[PDB]
Number of protein chains: 2
Amino acid sequence: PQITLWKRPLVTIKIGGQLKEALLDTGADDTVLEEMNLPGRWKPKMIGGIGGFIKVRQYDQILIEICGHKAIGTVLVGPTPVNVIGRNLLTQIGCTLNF
Amino acid sequence: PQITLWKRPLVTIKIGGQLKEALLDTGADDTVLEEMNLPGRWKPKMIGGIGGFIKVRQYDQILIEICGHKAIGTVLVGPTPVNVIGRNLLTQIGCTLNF
Ligand SMILES: CCC(CC)CN(C[C@@H](O)[C@H](Cc1ccccc1)NC(=O)O[C@H]1CO[C@H]2OCC[C@H]21)S(=O)(=O)c1ccc(CO)cc1
């Protein structure tokens with residue numbers, strides 16, 4: 001589809017057998033999702049933006065479905081105020097910016 | 001243009017008569033630039049990101065050209081980690097997400 005940017009580009013995703021809402025975010029290198037207790041191992045990480053850094057848990061090779069488009073890659077989990085789908089997954093669903 | 005997302009979507013912008021590089025950021029409601037001198041009145045404002053809130057100077061109705069496309073809108077100036085073009089200006093240049 002084509003998504004205009006009058007409002008936040010929010011979509012439904014499926015991860016860990018759960019549905020959540022997330023932003024298609026071209027400004028995020030990697031995907032960052034709200035606290036969820038995923039199975040498996042992880043590596044600590046700190047990621048920075050406006051206001052500073054938050055601590056997150058890095059999970060690799062996580063399956064995510066975005067608007068029925070399947071992808072698999074790194075997901076960072078932590079106390080983020082917003083779920084963002086980053087470029088690591090946006091590329092996998094064929095997402096471009098166009099003007 | 002059509003812009004893929006294997007790399008950061010960085011473009012050249014012109015603001016206040018000077019060229020800069022900035023990130024097309026669909027996850028940003030607003031446009032936030034790193035500290036700089038800008039001709040125009042401004043007002044103190046607060047904006048929140050992944051890591052908390054920062055103080056910015058709000059410049060309204062600023063001319064800014066993004067990748068050859070003209071816009072006139074609000075530009076926030078402050079200690080953002082990187083120059084970002086948010087949705088307030090992405091809409092003006094006719095930018096959409098497509099997949
Ligand atoms: C370094 C460039 C960006 C910061 C500038 C990076 N961000 C993605 C960005 O889209 C965030 C994503 C975002 C969206 C809502 C709330 C927090 C973070 N948007 C954002 O900060 O926008 C602010 C300006 O306009 C306003 O409207 C939203 C907040 C304000 S981020 O969330 O901090 C971020 C995301 C993933 C990683 C790991 O790669 C590291 C940082």
Side-chain angles (χ1 to χ4, degrees), chain A residues 3 5-11 13 15 20-35 42 44-54 56-60 62 64 66 71 73-92 95 97, chain B residues 3 5-6 8-11 13 20-36 44 46-60 62 64 66 71 73-92 95 97:
Chain A
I3 299 173
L5 299 168
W6 295 112
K7 67 184 202 172
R8 295 193 172 189
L10 287 165
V11 304
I13 69 175
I15 173 177
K20 311 191 158 292
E21 302 291 294
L23 290 180
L24 304 179
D25 189 357
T26 61
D29 290 352
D30 286 309
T31 295
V32 193
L33 302 178
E34 59 183 293
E35 181 56 44
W42 55 275
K45 191 179 180 124
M46 265 170 85
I47 55 167
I50 285 169
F53 288 74
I54 59 168
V56 299
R57 305 191 302 280
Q58 167 173 352
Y59 297 86
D60 299 315
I62 304 296
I64 300 203
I66 296 133
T74 295
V75 177
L76 310 176
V77 174
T80 178
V82 55
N83 298 331
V84 300
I85 306 303
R87 292 187 296 104
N88 73 309
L89 299 181
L90 291 175
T91 53
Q92 296 185 31
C95 192
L97 289 166
Chain B
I3 302 181
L5 298 167
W6 309 96
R8 289 176 180 157
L10 292 163
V11 303
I13 65 167
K20 287 170 165 283
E21 185 179 68
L23 183 73
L24 309 179
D25 187 350
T26 56
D29 302 342
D30 303 310
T31 292
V32 191
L33 305 178
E34 300 184 275
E35 193 59 40
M36 64 168 298
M46 307 290 300
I47 52 159
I50 199 168
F53 288 71
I54 62 170
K55 287 167 58 166
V56 296
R57 312 196 305 280
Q58 173 167 339
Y59 295 87
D60 287 318
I62 299 303
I64 173 171
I66 302 151
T74 298
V75 173
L76 315 179
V77 177
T80 176
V82 302
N83 298 327
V84 297
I85 309 302
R87 289 187 298 100
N88 71 310
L89 302 183
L90 292 178
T91 52
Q92 292 200 16
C95 190
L97 288 167

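Here is how names work: the chains are called A, B, and so on, in the same order as the sequence lines, proteins then strands, and each is numbered from 1. Every number for a ligand or one of its atoms is a count from 1 in the order of the listing. Note: hydrogens, waters and symmetry copies are ignored here, and every other heavy atom, side chains too, is used.
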*Asks:* Just to confirm my output: which protein heavy-atom neighbour is closest to atom 35 (C) of ligand 1, and how far is it?
*Replies:*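 Its nearest protein heavy-atom neighbour is A/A28 CB, 3.5 Å.
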*Asks:* Heavy-atom distance under 4.5 Å between the side chains of B/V11 and B/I66, does that happen here?
*Replies:*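 Counting from C-beta outward, B/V11 and B/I66 do come under 4.5 Å.
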*Asks:* When you measure from atom 26 (C) of ligand 1 to every protein heavy atom, which one gives the shortest distance, and what is it?
*Replies:*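 Sorting protein heavy atoms by distance from atom 26 (C) of ligand 1 puts B/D29 N, 3.4 Å first.
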*Asks:* Do A/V32 and A/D25 touch side chain to side chain, with heavy atoms closer than 4.5 Å?
*Replies:*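 Sidechains of A/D25 and A/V32: no contact.
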*Asks:* Taking only heavy atoms of B/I50, which atoms of ligand 1 are found under 4.0 Å from at least one of them?
*Replies:*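 Near B/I50, the atoms of ligand 1 are 17 (C), 18 (C), 32 (O), 33 (O).
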*Asks:* Okay, side chain of B/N88, backbone of B/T74: is any donor-acceptor separation there less than 3.5 Å?
*Replies:*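 Here the side-chain-to-backbone pair exists.
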*Asks:* Considering only the protein, which heavy-atom contact is closest to atom 39 (O) of ligand 1, and what is its distance?
*Replies:*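 Nearest protein contact, heavy atoms only, for atom 39 (O) of ligand 1 is A/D30 N, 3.0 Å.
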*Asks:* Has A/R57 got a side-chain atom pairing as donor or acceptor with A/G78's backbone, closer than 3.5 angstrom?
*Replies:*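 A pair under 3.5 Å: no.
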*Asks:* State, yes or no, whether a side-chain contact exists between B/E34 and B/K20 at a heavy-atom distance under 4.5 Å.
*Replies:*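 The answer is no, as the side chains (C-beta and beyond) never meet within the 4.5 Å cut-off.
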*Asks:* To which protein heavy atom is atom 16 (C) of ligand 1 closest, and what is the distance rounded to 0.1 Å?
*Replies:*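 For this ligand atom, the closest protein heavy atom is A/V82 CG1, 3.5 Å.
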*Asks:* Has the side chain of B/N83 got a donor or acceptor atom that lies under 3.5 Å from a matching backbone atom of B/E21?
*Replies:*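 The answer is yes, because a donor-acceptor pair under 3.5 Å joins these two groups.
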*Asks:* In the structure I gave you, are the side-chain heavy atoms of A/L33 and A/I13 within less than 4.5 Å of one another anywhere?
*Replies:*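 In contact.
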*Asks:* Around atom 28 (C) of ligand 1, find the nearest protein heavy atom and jot down its residue, atom name and distance.
*Replies:*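 Among all protein heavy atoms, the one nearest atom 28 (C) of ligand 1 is B/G27 O, 3.7 Å.
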*Asks:* Specify the protein heavy atom at minimum distance from atom 12 (C) of ligand 1: its residue, its atom name, and the distance to 0.1 Å.
*Replies:*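 Going atom by atom, the protein heavy atom closest to atom 12 (C) of ligand 1 ends up being A/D25 OD2, 3.3 Å.
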*Asks:* Considering only non-hydrogen protein atoms, determine which one is nearest to atom 5 (C) of ligand 1 and report residue, atom name and distance to 0.1 Å.
*Replies:*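 Going by distance alone, atom 5 (C) of ligand 1 is nearest to B/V84 CG1, 3.7 Å.
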*Asks:* So is A/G48 touching ligand 1 or not, going by heavy atoms under 4.0 Å?
*Replies:*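 Under 4.0 Å: yes for A/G48.
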